[PDB]
Amino acid sequence: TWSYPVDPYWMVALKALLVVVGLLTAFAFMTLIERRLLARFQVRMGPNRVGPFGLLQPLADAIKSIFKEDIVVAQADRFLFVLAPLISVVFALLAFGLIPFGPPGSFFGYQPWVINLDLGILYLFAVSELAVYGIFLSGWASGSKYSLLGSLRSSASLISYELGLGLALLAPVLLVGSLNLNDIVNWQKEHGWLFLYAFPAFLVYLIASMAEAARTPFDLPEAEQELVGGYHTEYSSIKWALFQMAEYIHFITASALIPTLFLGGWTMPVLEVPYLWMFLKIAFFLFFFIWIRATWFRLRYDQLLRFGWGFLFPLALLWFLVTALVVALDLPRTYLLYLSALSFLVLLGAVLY
Amino acid sequence: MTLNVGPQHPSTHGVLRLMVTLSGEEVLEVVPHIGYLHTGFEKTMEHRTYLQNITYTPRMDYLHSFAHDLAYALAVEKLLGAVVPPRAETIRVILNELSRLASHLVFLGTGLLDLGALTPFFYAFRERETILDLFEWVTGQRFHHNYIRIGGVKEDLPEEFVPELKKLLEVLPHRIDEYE
Amino acid sequence: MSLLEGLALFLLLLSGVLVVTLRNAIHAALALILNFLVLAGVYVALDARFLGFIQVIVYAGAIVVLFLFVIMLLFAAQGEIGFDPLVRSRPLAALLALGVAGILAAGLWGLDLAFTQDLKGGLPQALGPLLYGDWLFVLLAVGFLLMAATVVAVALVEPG
Amino acid sequence: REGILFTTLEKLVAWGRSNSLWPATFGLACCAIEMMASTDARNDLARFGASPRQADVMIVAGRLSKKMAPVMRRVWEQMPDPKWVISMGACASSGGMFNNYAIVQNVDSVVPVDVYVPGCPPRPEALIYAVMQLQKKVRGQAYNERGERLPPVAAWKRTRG
Amino acid sequence: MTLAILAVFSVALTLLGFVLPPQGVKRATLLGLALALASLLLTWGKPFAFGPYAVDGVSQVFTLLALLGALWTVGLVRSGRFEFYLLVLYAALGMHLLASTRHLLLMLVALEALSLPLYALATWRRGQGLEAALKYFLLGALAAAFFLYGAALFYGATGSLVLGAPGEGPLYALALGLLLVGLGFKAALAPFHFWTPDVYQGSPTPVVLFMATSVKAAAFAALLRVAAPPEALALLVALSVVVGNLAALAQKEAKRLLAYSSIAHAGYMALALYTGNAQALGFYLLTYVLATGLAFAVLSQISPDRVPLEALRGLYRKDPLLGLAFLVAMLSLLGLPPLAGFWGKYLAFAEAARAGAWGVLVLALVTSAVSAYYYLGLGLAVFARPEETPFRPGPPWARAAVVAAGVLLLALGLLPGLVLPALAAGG
Amino acid sequence: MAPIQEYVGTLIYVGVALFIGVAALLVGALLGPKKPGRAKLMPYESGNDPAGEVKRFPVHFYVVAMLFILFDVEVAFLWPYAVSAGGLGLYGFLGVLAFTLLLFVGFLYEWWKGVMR
Amino acid sequence: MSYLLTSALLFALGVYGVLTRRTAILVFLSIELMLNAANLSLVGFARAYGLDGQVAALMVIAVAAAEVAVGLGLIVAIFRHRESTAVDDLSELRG
Ligand code: SF4
């Protein structure tokens, strides 16, 4: 925050609240869109009933949800069962704040973000650990071990790739030289589109985000069809809704973060209207990810650990040292345009034999 | 960990109960426990006419039912020494194999879903729907069709069955390949 | 400063008291997590910021999660089992606790320091040249310590 | 608070639930495969949970064996409260064509039935008719042949215990 | 650049042992350690500092000793796990680092480096060895906490985490105390001694050789670097020697007895700490390390798990040379002439009296006479009629090792005017 | 650096989020039927025992966690270099490389031994 | 300055824990709390003496992590087969 202003604490608050409830309506309507987009992929139709577009069905659903009877299991730790859903949502919502959707002053006088800070990615990392805390904790809190085991599979896997995200994030930091999202973005304004320079790390970041419930590992798990996922399976009315809510906000936070960092989110080469583009990129990754949600198999997490731990993460720190070598010896930043382009040429061509 | 995979949950398919003797992520031994669907045909059917039984035959394997129909019809015909007409036999091979395509379509639909992911249940379901529409056309029923008879079959095929079997016989080669 | 400062330090001590008091291990560890949050906050207020963030990430995020995995993997939540309580020790344990504060209190009493240097907030930006720099050897030694740690920890388990 | 006591509020929540009616399927025989067809065409329903915990509507689809009864019992009990039971097909509803030692001759013995759906198997669209029934049943829009209006939730009427 | 050699071999053998038979790895680790010692001799009089890392006469002598101990302990251990070598390698570097710096925090990291791999070396997995390992880790990490808050308080009273910083009144005093706690625990001075009886008895004997030589060496090496005041010194000495010898009297078991005895011995060496002569202390530890290394090599040739006192008996008849050597070790550890142990003791006592601390010196000496009870209770026990006892009479490796060590002992008993001329600058 | 001013905004953000979450819990808890019975409270699957009795768990989760602590410490150290890097020159890079390779030897060890286990 | 005093207090608390706790693990945690007391004091004095105490503390955190990994490994090995940990359950080694 060398170059960027601060709105008064009341306005920071108000913006925070707007972003939270905005994220509420966001998650619900996103559930509708994925329902139907999936329906198109599998050549059926969505829910038009309880319409008009079918888009009043989160009202109906939320309405079921509350008035549903929130059940607290005995044989569940009384304090932890309640507290668990609380944690998972709190640490999910926060840190979508940081993401700038526009230049300063452009919020109608103020600030497209909520908070910016000076240490950016670390905040994200920090908040990311704590949701997982919520996961394995709920697994305990429920005090059904069937729930536990799954929560443990979950946590082990998540934590694995969660490590992956860091060594992913190292490379682009070298180039920009800042821990701030606005600076990274602006770096992409001038030198342009970090994934041009950073590509392998782009790959390992994205796929690292597969672990965080994104689908294609999925021995996350959802309880479905396996040794269950754990955390949900013991909760009913509001609390269950809270867990689902958190996992989805994380999904869109990631769909925002991917353009924000490696691409130029907002801050596109041309047109450069402030909000619309970040929402569009969000939409792009969101849709592509939904395709991923539908159209690919599971890992078992035996493999998922193999894939992230054995493949993604070593690959991640390998590229870091390369970009470290390049930035340390100051050569040009061109060598990374060339290198990333070339590595992309490799990591693609070996698919089509 | 002798893990108890329940009767109907969690997605251990078709109401089986499994005592997975299992420590860790492997599987030591699963001690299977059945009997949850026991309807008791072998007794009930001792109380039904040989004709009446033909309504109870499709009902066990409900996916490939006509194999039940065929097996039972045959064993009785043999036992009472009946002579099945060629066109009936042909229709019975057609229906048997069509019911087979239905069953198989189901098997791989569920299989692909069971571990792995959701999408291809639907295409198999589309082809199965064309098959079930064939069955409805000829027998008036989706399944459990009371059609096969100890003589032969209940009645003849309507005008519209032939054209529709072709349609599916046309898409299926391309179609089966798509699943493949 | 003092308005909230009192509050934050109070929360620290309270949390510690919990982690040493509660005979629910999970509750304990969790109280220590709360502790690490507040402590990281205080670190930042104290112009050490990066150290705060690594405090949360590693200490809170990683370490105590491994702990939690251990106590969840082994139960032990109800620590007080099988006893040898030797109750005459609890006040004696509590006694000794008071003394180690007293001696430190004395050494820090009548101690005034210049808590004024322009640290510029303990961002890794200015910390890096110390790390690879004056502390680089300490660093490499540490790294070696970690490597030895991983192999130790591995051979330590490694049923065969 | 169970969806009740403001003319605006209860109606509002009651639509919420009816249109939200959240089937938790309890497959048994061939009827379950006839409900897997229903999964295709569906549009207030067919998201699940699947886990019982998360759902209002229990769909009993197939022959319920006597050995199987105490199980379905707890699954029903282990559901949140505002919950409904649809009974699918002859075997479930009455004893069906299997009248014998093996099978429950009405599922209403073990779980409070809200709606019944005849057929062997019933066409899926009949089950839509039944969930529209139950849709419109929990709206308190439902009547029997005697003239009586029907309660939104049966199993608000049994004594638990 | 002995450090170079150490880091290199450890890191390399780590992955190498995947591709090597465990014996090949043993051959390797052995080779590495011996090479590092070679570099130590070729650098005598060549003192070298890099980072907080610093090699001088002290570092040189004390890691000469430590390296010697590591080689001897690896000699005995034939287990077909390449790690049971690797850990020793790690530990050795860790001890080198500990002796080689004034940086409190680097000292901390070095402490973890040496101490963590010994915890794992505590497992033959015999039921005691887990108890031993446990007590060791818990008390160890506790002391870690202490030395760390100590470094923080040193940085507290003064601008540096490096020792020798000018120093305050009471806060400085406090900080030096908090460093003295951990550094003292590592050396088995009383009343920090409680682990010593349990861990020596619990851990497999050869490992204990390694500990009881190398660890004590490195620990005194780092101790000399600290500024410790006379009164505290008095206390530690008094308690160590008293409880050490007195409780050693009560000992029925060779290893445990040796533990208590070693508490008394740390007590004796702590006198050199009065002047911190280190030519004197260097010498003392030369003599002690040789004798003790010997003693535990023999206790290894009896049994890895536990040795009772009677087991030592009749050892002369069985093997004459080992009986004699064990005897000599008992006498050198007694501090009796004409053995090098007497000159080490004398050098410490000389520095003590030089510092003008009399009562302390006296008590140390009196209870040092107390120690002769068990020292002869072993050394002479060699000659009694052999009872039923386990004996595996070694390779040439062990026979030539033990005898060599003894000979080196008595050689410097008669001619300390050989090595003592340079335990100093290295002339 | 950057102001303290924004961080207080972060505290704000936390307060707002926490408040909204608690409000959600309050709506859930307050608006429901409520009917505790022995049957409802009881864990899962009709005659129960899904969890059953198990004597603890695979250590695999422990291993993943311990791995994670060490590698995360690695990253915690790698971050300060990643920022000032071209600033620390070739020798900086060489130090960071030393450290990195050290801990990578660590990872490589535990891999070739592996934790299928 | 309040901070240094509180760090000392925390150290004390961790002490109370270590002496009190019946189980191994909670002892270890109390130890961890002590270690952090140290780190905080380091931070205060870093702000006083210029920032080397900070790097110190970082290295410390790393140290702590290593010994945490190792120590939990040992805690697991000692009572994996064995039943409830309570540290008094091992008395075999006596003077
Ligand atoms: S009613 Fe008919 S279709 Fe349904 S389970 Fe019974 S036999 Fe099968």
# chains A, B, ... in the order shown; residues from 1 in each chain; ligands from 1
>>> closest_atom_pairs(of="chain D", to="ligand 1", cutoff="7 Å", atoms="only C-alpha atoms and all ligand atoms", output="JSON lines")
{"residue": "D:28", "atom": "CA", "partner": "ligand 1", "partner_atom_place_in_ligand_line": "5 (S)", "distance": 6.7}
{"residue": "D:29", "atom": "CA", "partner": "ligand 1", "partner_atom_place_in_ligand_line": "5 (S)", "distance": 4.3}
{"residue": "D:30", "atom": "CA", "partner": "ligand 1", "partner_atom_place_in_ligand_line": "8 (Fe)", "distance": 4.1}
{"residue": "D:31", "atom": "CA", "partner": "ligand 1", "partner_atom_place_in_ligand_line": "4 (Fe)", "distance": 3.9}
{"residue": "D:61", "atom": "CA", "partner": "ligand 1", "partner_atom_place_in_ligand_line": "5 (S)", "distance": 6.6}
{"residue": "D:62", "atom": "CA", "partner": "ligand 1", "partner_atom_place_in_ligand_line": "5 (S)", "distance": 3.5}
{"residue": "D:63", "atom": "CA", "partner": "ligand 1", "partner_atom_place_in_ligand_line": "5 (S)", "distance": 4.7}
{"residue": "D:89", "atom": "CA", "partner": "ligand 1", "partner_atom_place_in_ligand_line": "1 (S)", "distance": 4.2}
{"residue": "D:90", "atom": "CA", "partner": "ligand 1", "partner_atom_place_in_ligand_line": "1 (S)", "distance": 4.2}
{"residue": "D:91", "atom": "CA", "partner": "ligand 1", "partner_atom_place_in_ligand_line": "6 (Fe)", "distance": 4.4}
{"residue": "D:92", "atom": "CA", "partner": "ligand 1", "partner_atom_place_in_ligand_line": "1 (S)", "distance": 6.8}
{"residue": "D:96", "atom": "CA", "partner": "ligand 1", "partner_atom_place_in_ligand_line": "1 (S)", "distance": 6.4}
{"residue": "D:119", "atom": "CA", "partner": "ligand 1", "partner_atom_place_in_ligand_line": "1 (S)", "distance": 6.1}
{"residue": "D:120", "atom": "CA", "partner": "ligand 1", "partner_atom_place_in_ligand_line": "2 (Fe)", "distance": 3.4}
{"residue": "D:121", "atom": "CA", "partner": "ligand 1", "partner_atom_place_in_ligand_line": "3 (S)", "distance": 3.4}
>>> write_last_selection(atoms="C-alpha atoms", output="PDB file, in the first residue's frame")
ATOM      1  CA  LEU D  28     -35.532 -51.468  -2.799  1.00  0.00           C
ATOM      2  CA  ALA D  29     -36.485 -53.462  -5.899  1.00  0.00           C
ATOM      3  CA  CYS D  30     -37.242 -52.675  -9.573  1.00  0.00           C
ATOM      4  CA  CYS D  31     -39.208 -49.649  -8.318  1.00  0.00           C
ATOM      5  CA  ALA D  61     -39.371 -47.634  -3.739  1.00  0.00           C
ATOM      6  CA  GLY D  62     -39.611 -51.394  -3.915  1.00  0.00           C
ATOM      7  CA  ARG D  63     -40.534 -54.423  -1.849  1.00  0.00           C
ATOM      8  CA  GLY D  89     -45.554 -49.182  -6.053  1.00  0.00           C
ATOM      9  CA  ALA D  90     -47.718 -52.109  -5.061  1.00  0.00           C
ATOM     10  CA  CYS D  91     -45.166 -54.002  -2.975  1.00  0.00           C
ATOM     11  CA  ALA D  92     -44.609 -50.960  -0.822  1.00  0.00           C
ATOM     12  CA  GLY D  96     -48.304 -56.421  -3.732  1.00  0.00           C
ATOM     13  CA  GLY D 119     -48.296 -49.494 -10.276  1.00  0.00           C
ATOM     14  CA  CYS D 120     -45.776 -52.293 -10.876  1.00  0.00           C
ATOM     15  CA  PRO D 121     -43.633 -50.357 -11.400  1.00  0.00           C
TER      16      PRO D 121
END
>>> residues_around(residues="residue 98 of chain B", least_positions_apart="2", cutoff="12 Å", atoms="only C-alpha atoms", output="mmCIF file with C-alpha atoms, in the first residue's frame")
data_model
loop_
_atom_site.group_PDB
_atom_site.id
_atom_site.type_symbol
_atom_site.label_atom_id
_atom_site.label_comp_id
_atom_site.auth_asym_id
_atom_site.auth_seq_id
_atom_site.Cartn_x
_atom_site.Cartn_y
_atom_site.Cartn_z
ATOM 1 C CA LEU B 63 -33.023 -55.500 -15.828
ATOM 2 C CA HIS B 64 -32.698 -58.540 -17.959
ATOM 3 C CA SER B 65 -36.149 -59.889 -17.175
ATOM 4 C CA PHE B 66 -36.815 -61.615 -20.432
ATOM 5 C CA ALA B 67 -34.026 -64.019 -19.651
ATOM 6 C CA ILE B 91 -39.136 -62.361 -31.408
ATOM 7 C CA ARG B 92 -37.932 -63.986 -28.184
ATOM 8 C CA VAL B 93 -34.324 -63.641 -29.285
ATOM 9 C CA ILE B 94 -34.947 -60.028 -30.303
ATOM 10 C CA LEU B 95 -36.600 -59.203 -27.009
ATOM 11 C CA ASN B 96 -34.033 -61.145 -25.046
ATOM 12 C CA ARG B 100 -29.941 -57.339 -22.641
ATOM 13 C CA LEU B 101 -28.986 -54.027 -24.212
ATOM 14 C CA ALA B 102 -31.251 -52.390 -21.652
ATOM 15 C CA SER B 103 -29.632 -54.233 -18.744
ATOM 16 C CA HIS B 104 -26.067 -53.610 -19.994
ATOM 17 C CA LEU B 105 -26.816 -49.957 -20.651
ATOM 18 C CA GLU B 127 -30.619 -45.435 -25.606
ATOM 19 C CA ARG B 128 -32.284 -47.425 -22.824
ATOM 20 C CA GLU B 129 -35.300 -45.127 -23.166
ATOM 21 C CA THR B 130 -35.496 -45.974 -26.845
ATOM 22 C CA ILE B 131 -35.369 -49.643 -25.849
ATOM 23 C CA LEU B 132 -38.031 -49.259 -23.147
ATOM 24 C CA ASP B 133 -40.177 -47.437 -25.653
ATOM 25 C CA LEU B 134 -39.730 -50.513 -27.842
ATOM 26 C CA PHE B 135 -40.874 -52.779 -24.988
ATOM 27 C CA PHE B 143 -40.587 -54.059 -17.699
ATOM 28 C CA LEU B 165 -36.033 -50.951 -33.603
ATOM 29 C CA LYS B 166 -34.155 -49.905 -36.736
ATOM 30 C CA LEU B 168 -31.970 -47.501 -32.433
ATOM 31 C CA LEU B 169 -30.175 -50.196 -34.414
ATOM 32 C CA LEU B 172 -26.305 -47.744 -31.510
#
>>> closest_atom_pairs(of="chain A", to="chain C", cutoff="10 Å", atoms="only C-alpha atoms", output="Markdown table")
| residue | atom | partner | partner_atom | distance |
| --- | --- | --- | --- | --- |
| A:79 | CA | C:27 | CA | 9.7 |
| A:80 | CA | C:27 | CA | 9.0 |
| A:118 | CA | C:123 | CA | 8.4 |
| A:119 | CA | C:123 | CA | 7.8 |
| A:122 | CA | C:53 | CA | 6.8 |
| A:123 | CA | C:53 | CA | 7.5 |
| A:125 | CA | C:57 | CA | 7.3 |
| A:126 | CA | C:57 | CA | 5.3 |
| A:127 | CA | C:57 | CA | 8.8 |
| A:128 | CA | C:61 | CA | 8.9 |
| A:129 | CA | C:61 | CA | 5.5 |
| A:130 | CA | C:61 | CA | 6.9 |
| A:132 | CA | C:61 | CA | 9.3 |
| A:133 | CA | C:65 | CA | 7.4 |
| A:136 | CA | C:69 | CA | 8.5 |
| A:137 | CA | C:68 | CA | 8.8 |
| A:139 | CA | C:72 | CA | 9.7 |
| A:140 | CA | C:72 | CA | 7.3 |
| A:148 | CA | C:72 | CA | 8.9 |
| A:149 | CA | C:73 | CA | 9.6 |
| A:152 | CA | C:69 | CA | 8.2 |
| A:155 | CA | C:69 | CA | 9.4 |
| A:156 | CA | C:69 | CA | 9.4 |
| A:159 | CA | C:62 | CA | 8.8 |
| A:163 | CA | C:62 | CA | 9.9 |
| A:177 | CA | C:125 | CA | 9.3 |
| A:178 | CA | C:125 | CA | 8.9 |
| A:179 | CA | C:125 | CA | 9.6 |
>>> closest_atom_pairs(of="chain B", to="chain A", cutoff="12 Å", atoms="only C-alpha atoms", output="tab-separated table")
residue	atom	partner	partner_atom	distance
B:1	CA	A:145	CA	10.2
B:2	CA	A:146	CA	11.1
B:3	CA	A:146	CA	8.1
B:4	CA	A:146	CA	8.9
B:5	CA	A:227	CA	8.7
B:6	CA	A:146	CA	11.2
B:8	CA	A:225	CA	11.1
B:9	CA	A:225	CA	8.9
B:10	CA	A:225	CA	6.3
B:11	CA	A:225	CA	4.8
B:12	CA	A:225	CA	7.1
B:13	CA	A:225	CA	8.8
B:20	CA	A:227	CA	11.2
B:22	CA	A:227	CA	11.8
B:23	CA	A:149	CA	11.5
B:24	CA	A:149	CA	9.6
B:25	CA	A:302	CA	8.8
B:26	CA	A:302	CA	10.6
B:110	CA	A:225	CA	10.8
B:111	CA	A:225	CA	10.9
B:112	CA	A:297	CA	8.8
B:113	CA	A:225	CA	8.5
B:114	CA	A:225	CA	5.9
B:115	CA	A:225	CA	6.6
B:116	CA	A:297	CA	3.9
B:117	CA	A:297	CA	4.9
B:118	CA	A:294	CA	6.4
B:119	CA	A:42	CA	6.0
B:120	CA	A:42	CA	7.7
B:121	CA	A:42	CA	8.9
B:122	CA	A:42	CA	6.4
B:123	CA	A:42	CA	7.6
B:124	CA	A:42	CA	11.0
B:125	CA	A:42	CA	10.8
B:126	CA	A:43	CA	9.6
>>> interface_residues(of="chain G", to="chain E", cutoff="8 Å", atoms="only C-alpha atoms", output="mmCIF file with N, CA and C atoms, in the first residue's frame")
data_model
loop_
_atom_site.group_PDB
_atom_site.id
_atom_site.type_symbol
_atom_site.label_atom_id
_atom_site.label_comp_id
_atom_site.auth_asym_id
_atom_site.auth_seq_id
_atom_site.Cartn_x
_atom_site.Cartn_y
_atom_site.Cartn_z
ATOM 1 N N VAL G 27 2.181 -32.144 27.506
ATOM 2 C CA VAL G 27 3.474 -31.684 27.970
ATOM 3 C C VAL G 27 4.177 -31.014 26.789
ATOM 4 N N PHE G 28 4.227 -31.725 25.663
ATOM 5 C CA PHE G 28 4.917 -31.210 24.484
ATOM 6 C C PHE G 28 4.328 -29.877 24.063
ATOM 7 N N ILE G 31 5.457 -27.103 26.241
ATOM 8 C CA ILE G 31 6.793 -26.774 25.752
ATOM 9 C C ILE G 31 6.732 -25.799 24.580
ATOM 10 N N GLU G 32 5.886 -26.106 23.596
ATOM 11 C CA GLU G 32 5.705 -25.224 22.440
ATOM 12 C C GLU G 32 5.356 -23.793 22.856
ATOM 13 N N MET G 34 6.055 -22.351 25.721
ATOM 14 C CA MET G 34 7.285 -21.775 26.257
ATOM 15 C C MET G 34 8.155 -21.204 25.127
ATOM 16 N N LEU G 35 8.373 -22.027 24.100
ATOM 17 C CA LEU G 35 9.193 -21.642 22.952
ATOM 18 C C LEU G 35 8.702 -20.316 22.362
ATOM 19 N N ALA G 37 6.900 -18.017 23.900
ATOM 20 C CA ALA G 37 7.201 -16.964 24.861
ATOM 21 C C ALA G 37 8.564 -16.379 24.509
ATOM 22 N N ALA G 38 9.525 -17.280 24.317
ATOM 23 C CA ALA G 38 10.860 -16.866 23.878
ATOM 24 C C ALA G 38 10.813 -16.007 22.623
ATOM 25 N N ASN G 39 10.123 -16.497 21.603
ATOM 26 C CA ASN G 39 10.036 -15.757 20.346
ATOM 27 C C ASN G 39 9.499 -14.332 20.498
ATOM 28 N N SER G 41 9.540 -12.431 23.248
ATOM 29 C CA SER G 41 10.561 -11.628 23.905
ATOM 30 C C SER G 41 11.596 -11.166 22.870
ATOM 31 N N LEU G 42 12.055 -12.111 22.050
ATOM 32 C CA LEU G 42 12.933 -11.812 20.914
ATOM 33 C C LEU G 42 12.417 -10.687 20.029
ATOM 34 N N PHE G 45 12.715 -7.257 21.942
ATOM 35 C CA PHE G 45 14.102 -6.821 21.942
ATOM 36 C C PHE G 45 14.639 -6.534 20.547
ATOM 37 N N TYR G 49 16.597 -3.610 19.755
ATOM 38 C CA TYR G 49 17.977 -3.732 19.289
ATOM 39 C C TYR G 49 18.173 -3.801 17.779
ATOM 40 N N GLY G 50 17.097 -3.587 17.032
ATOM 41 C CA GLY G 50 17.182 -3.589 15.586
ATOM 42 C C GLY G 50 17.119 -4.919 14.863
ATOM 43 N N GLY G 53 16.677 -9.967 16.287
ATOM 44 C CA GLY G 53 15.882 -10.837 17.136
ATOM 45 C C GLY G 53 14.690 -11.424 16.412
ATOM 46 N N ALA G 56 16.132 -14.152 14.193
ATOM 47 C CA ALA G 56 16.358 -15.120 15.251
ATOM 48 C C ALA G 56 15.091 -15.931 15.447
ATOM 49 N N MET G 59 14.176 -18.368 12.602
ATOM 50 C CA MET G 59 15.013 -19.538 12.693
ATOM 51 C C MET G 59 14.493 -20.451 13.783
ATOM 52 N N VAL G 60 14.214 -19.848 14.934
ATOM 53 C CA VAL G 60 13.575 -20.518 16.059
ATOM 54 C C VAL G 60 12.328 -21.296 15.676
ATOM 55 N N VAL G 63 13.348 -24.326 13.908
ATOM 56 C CA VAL G 63 13.911 -25.248 14.881
ATOM 57 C C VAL G 63 12.791 -26.032 15.552
ATOM 58 N N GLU G 67 11.826 -30.098 15.562
ATOM 59 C CA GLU G 67 11.727 -30.884 16.782
ATOM 60 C C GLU G 67 10.294 -31.327 17.042
ATOM 61 N N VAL G 70 9.985 -34.495 14.760
ATOM 62 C CA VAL G 70 10.692 -35.597 15.406
ATOM 63 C C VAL G 70 9.978 -36.076 16.680
ATOM 64 N N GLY G 71 9.573 -35.124 17.510
ATOM 65 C CA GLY G 71 8.965 -35.435 18.788
ATOM 66 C C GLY G 71 7.626 -36.123 18.685
ATOM 67 N N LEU G 74 8.284 -39.660 17.765
ATOM 68 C CA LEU G 74 8.601 -40.462 18.936
ATOM 69 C C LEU G 74 7.371 -40.753 19.776
ATOM 70 N N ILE G 75 6.561 -39.729 20.031
ATOM 71 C CA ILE G 75 5.322 -39.907 20.784
ATOM 72 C C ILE G 75 4.434 -40.973 20.138
ATOM 73 N N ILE G 78 6.238 -44.630 20.625
ATOM 74 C CA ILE G 78 6.221 -45.123 21.998
ATOM 75 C C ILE G 78 4.846 -45.659 22.421
ATOM 76 N N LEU G 90 5.530 -45.551 32.521
ATOM 77 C CA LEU G 90 6.861 -46.116 32.349
ATOM 78 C C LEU G 90 7.751 -45.773 33.546
ATOM 79 N N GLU G 92 10.051 -48.327 34.722
ATOM 80 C CA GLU G 92 11.070 -49.386 34.747
ATOM 81 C C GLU G 92 12.479 -48.939 35.122
ATOM 82 N N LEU G 93 12.864 -47.749 34.691
ATOM 83 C CA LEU G 93 14.197 -47.252 35.000
ATOM 84 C C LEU G 93 14.225 -46.444 36.301
ATOM 85 N N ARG G 94 14.847 -47.022 37.327
ATOM 86 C CA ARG G 94 14.941 -46.400 38.647
ATOM 87 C C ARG G 94 16.404 -46.350 39.092
ATOM 88 N N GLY G 95 16.723 -45.426 39.997
ATOM 89 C CA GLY G 95 18.087 -45.243 40.475
ATOM 90 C C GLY G 95 18.724 -46.488 41.068
#
>>> atom_distance(atom1="atom CA of residue 41 of chain D", atom2="atom CA of residue 62 of chain B")
21.7 Å
>>> closest_atom_pairs(of="chain D", to="chain B", cutoff="8 Å", atoms="only C-alpha atoms", output="Markdown table")
| residue | atom | partner | partner_atom | distance |
| --- | --- | --- | --- | --- |
| D:26 | CA | B:8 | CA | 7.3 |
| D:27 | CA | B:14 | CA | 7.4 |
| D:28 | CA | B:15 | CA | 6.8 |
| D:29 | CA | B:37 | CA | 7.4 |
| D:30 | CA | B:62 | CA | 5.9 |
| D:50 | CA | B:10 | CA | 7.2 |
| D:51 | CA | B:10 | CA | 7.7 |
| D:63 | CA | B:37 | CA | 7.2 |
| D:64 | CA | B:37 | CA | 7.1 |
| D:65 | CA | B:37 | CA | 5.6 |
| D:67 | CA | B:36 | CA | 6.1 |
| D:68 | CA | B:36 | CA | 5.4 |
| D:71 | CA | B:7 | CA | 7.8 |
| D:98 | CA | B:44 | CA | 6.9 |
| D:99 | CA | B:44 | CA | 7.6 |
| D:100 | CA | B:44 | CA | 7.2 |
| D:101 | CA | B:40 | CA | 7.7 |
| D:102 | CA | B:39 | CA | 5.2 |
| D:103 | CA | B:39 | CA | 6.0 |
| D:120 | CA | B:144 | CA | 7.9 |
| D:121 | CA | B:143 | CA | 7.9 |
>>> interface_residues(of="chain C", to="chain F", cutoff="9 Å", atoms="only C-alpha atoms", output="count of residues only")
49
>>> residues_around(residues="residue 57 of chain D", least_positions_apart="2", cutoff="12 Å", atoms="only C-alpha atoms", output="number ranges by chain")
A: 64; D: 17-26, 45-55, 59-60, 75-76, 79-87, 111-115, 130-131, 134-135, 138, 152-155
>>> residues_around(residues="residue 106 of chain D", least_positions_apart="5", cutoff="7 Å", atoms="only C-alpha atoms", output="compact mmCIF listing (two decimals) with C-alpha atoms, in the first residue's frame")
# COMPACT_ATOMS: atom_id res chain seq x y z
CA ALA D 92 -44.61 -50.96 -0.82
CA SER D 93 -48.14 -49.59 -0.59
CA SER D 94 -49.88 -52.93 0.06
CA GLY D 95 -48.31 -56.38 0.07
>>> select_by_dssp(residues="segment 38-154 of chain B", states="helix (DSSP H, G or I)", output="number ranges by chain")
B: 41-47, 52-55, 66-80, 86-114, 121-139
>>> atom_distance(atom1="atom CA of residue 53 of chain E", atom2="atom CA of residue 180 of chain E")
20.4 Å
>>> closest_residue(among="F:11, F:20, F:39, F:29", to="chain D", atoms="only C-alpha atoms")
F:39
